Number of protein chains: 2
Amino acid sequence: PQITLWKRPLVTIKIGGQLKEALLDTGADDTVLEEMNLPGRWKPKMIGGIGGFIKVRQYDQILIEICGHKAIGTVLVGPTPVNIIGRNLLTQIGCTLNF
Amino acid sequence: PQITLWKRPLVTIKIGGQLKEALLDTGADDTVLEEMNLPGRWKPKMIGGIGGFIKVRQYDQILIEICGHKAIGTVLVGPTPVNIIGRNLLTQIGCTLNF
Ligand SMILES: CC(C)CN(C[C@@H](O)[C@H](Cc1cc(F)cc(F)c1)NC(=O)O[C@H]1CO[C@H]2OCC[C@H]21)S(=O)(=O)c1ccc2c(c1)CC[C@@H]2O
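Calculation notes
Residues numbered from 1 in each chain as written, not as in the entry; some residues may be left out. Chains lettered and ligands numbered in written order. Heavy atoms only, no water. Residues with missing side-chain atoms left out of burial classes, pairs and counts. Salt bridge = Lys/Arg side-chain N within 4 Å of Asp/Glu carboxyl O. Helix = DSSP H or I, 4+ residues; strand = E, 2+ residues; numbered from the N terminus. Least-squares fit on C-alpha atoms. Contact = heavy atoms within 4.5 Å. UniProt positions renumbered as here; feature names shortened; annotations may be inferred. Buried < 20%, exposed > 50% of the residue type's maximum accessible area, 1.4 Å probe, protein only. Nonpolar A, V, L, I, M, F, W, Y, C, P; charged D, E, K, R; others polar. Pairing = 2+ DSSP bridges. 1 Å grid on protein atoms, 1.4 Å probe; cavity = no way out; pocket = protein on both sides within 12 Å on 5 of 7 lines; lining within 4 Å. Points joined across faces, edges and corners; volume = space filled by probe spheres on them.

With the PDB entry as reference, chain A is termed Protease, source organism Human immunodeficiency virus 1. Each PDB entry has a title, and for this one the record gives "Crystal structure of WT HIV-1 protease (NL4-3) with inhibitor NR05-01".

And the structure:
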């Protein structure tokens, strides 16, 4: 699908058997999701943005189906304002910017 | 131009007669630029992201040539770690996500 940017590029994702909505974010190197309960071992980590830094749990090799496209990569879970699909996963589903 | 997401989607911008590098950010609703001296009237505003909030100056109707494409819109100036081109300007240069 081609997505115009006149509205937020929100897509439906399936992660950990749970359905959520996430923002396709080309400005994010990593995928960060709001508080959710994901299976497996995790590692403490710190990530930064415009306002400063948040402490998140790093989950590796996590399957996500983004708009029907499957990808496995690192997912960070913590107090993000919005679910973000980062470039680590966007490259897996073949996302490109066009203008 | 089509841009892959294996590297940060950085573009060269011309704003206020000044050359800078900016991130094409589909996850940003508005354009936020690092501290610079821009002409015209401004209004204080506060914006939030990952980590908290920063205070910015709202500048309206500013011309920015993003990768050779011209656009006029609101530009926020403040202590952002990186220059980010938000959807308010991406829509003007016809940027779409493709996968
Ligand atoms: C979070 C979403 C909801 C909004 N953000 C857009 C993201 O794309 C953002 C871009 C960014 C911000 C940076 F500080 C540094 C960077 F290198 C890149 N990514 C991000 O923080 O990613 C993180 C996870 O991956 C890591 O890699 C990159 C950083 C780490 S924003 O920047 O907060 C923002 C932009 C405009 C506006 C608002 C807020 C409010 C009004 C205006 O519309």
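Another point: the pattern of salt bridges. Overall, the coordinates contain eight salt bridges over all chains when judged by the stated rule. Across the pair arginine 8 of chain A and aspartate 29 of chain B runs a salt bridge, and its minimum N-O distance is 3.5 Å. A residue pair is termed interchain when its members come from two chains, as with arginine 8 of chain A in the loop between strand 1 (2-4) and strand 2 (10-15) and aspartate 29 of chain B in the loop between strand 3 (18-24) and strand 4 (31-33). Between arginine 87 of chain A and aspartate 29 of chain A there is a salt bridge; the shortest N-O distance is 2.7 Å. One end of the pair, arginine 87 of chain A, is in helix 1 (residues 87-90); the other, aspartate 29 of chain A, is in the loop between strand 3 (18-24) and strand 4 (31-33), with 58 residues separating them in the sequence. Overlapping salt bridges bring together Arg8 of chain A together with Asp29 and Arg87 of chain B as one network.

For these two chains of identical sequence, chain A goes onto chain B by a turn of 178° and a shift of 0.1 Å along the axis, with RMSD 0.2 Å. The operation mapping one copy onto its partner corresponds to a two-fold rotation axis. In terms of proximity to the rotation axis, the leading residue of chain A is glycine 51 of chain A, whose C-alpha is 1.8 Å off the axis. By residue overlap, the copies meet face to face through one surface: 97% of the interface positions of chain A are interface positions in chain B.

Sites flagged by UniProt as "active site" map to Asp25 of chain A. Residue position: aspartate 25 of chain A is located in the loop between strand 3 and strand 4. Residue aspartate 25 of chain A is classed as buried on the basis of its relative accessible area, which comes to 7%. Non-local contacts of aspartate 25 of chain A, meaning those with residues more than four positions away in its chain, are made with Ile84, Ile85, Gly86, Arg87 and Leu90 of chain A together with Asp25, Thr26 and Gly27 of chain B.

A word on the interface of chain A and chain B. Facing 37 residues of chain A, the contacting portion of chain B comprises 37 residues. Its residues placed into classes, the side of chain A that touches chain B shows 19 nonpolar, 13 polar and five charged. Bridge count between strand 1 of chain A and strand 9 (residues 96-98) of chain B: three bridges; the pairing is antiparallel. Among the inter-strand pairings, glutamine 2 of chain A is bridged to a residue of strand 9 of chain B, identified as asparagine 98 of chain B.

It is worth spelling out the layout of surface pockets at this point. Estimates place the volume of the largest pocket at around 850 Å³. Taken together, 33 residues line the largest pocket, and the ones lying closest to its centre are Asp25, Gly49 and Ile50 of chain A together with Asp25 and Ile50 of chain B. Looking at the lining of the largest pocket, the elements that each hand over two or more residues are strand 5 (43-48) of chain A together with strand 5 (42-49) of chain B. The element that contributes the greatest number of residues to the lining of the largest pocket is strand 5 of chain B, accounting for three residues. Grouping the constituent residues of the lining of the largest pocket by class yields 18 nonpolar, seven polar and eight charged.

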